[PDB]
């Protein structure tokens, strides 16, 4: 029941390291993915790794999305929801236009570009979770 300086081993229990730790190989944390159409044609693709969620914005705006409006087709599932509001900045293909989508703690995302009915939204980044 002891951890050794060699060999592949499984270790249970809450381990607190009070010093500095170096990992020369890979460090793998739990992961889960999800993607869905938030609304108005916009797709959000997520992957959680530990307390960070990696996002990419996709799809094509294909119906009228009002400024400040809720995207009601799909919510971000609870396990991917942040503790507080996150603003994901993106860019529209082919021009200089930017927008942002907010993800509140409820997962009902909101559009913060102006009213729009066309265009191709994109953007990759991260936001935090508990």
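C-alpha atoms forming the largest set that superposes within 1.5 Å between two forms make up the rigid core. Residue numbers count along the first chain shown, from 1.
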* Asked: Core fit done; bigger CA RMS in 5 other deposited structures of this protein for 16-24 or for 102-110?
  -> 16-24
* Comparing C-alpha positions in 5 other deposited structures of this protein against this form, with the rigid core used for the fit, which stretch differs more, 6-14 or 118-126? -> 6-14
* Structure fact -> Looking only at C-alpha temperature factors in the entry, 88-96 or 24-32, the higher average sits in 24-32
* **Which of 53, 66, 43, 76 ranks first by CA B-factor in the deposited coordinates** => 66
* Asked: Taking the entry's C-alpha B-factors for this chain, is residue 47 in the lowest, middle or highest third?
  -> lowest
* To do: Consider only the C-alpha atoms of the modelled residues in this chain, order them by B-factor as the entry records it, and name the third containing residue 71: lowest, middle or highest.
  => middle
* Asked: Should residue 117 be placed in the lowest, middle or highest third of its chain by the C-alpha B factor in the entry?
  -> highest
* Please place residue 106 in the lowest, middle or highest third of its chain by C-alpha B factor as given in the entry. => highest
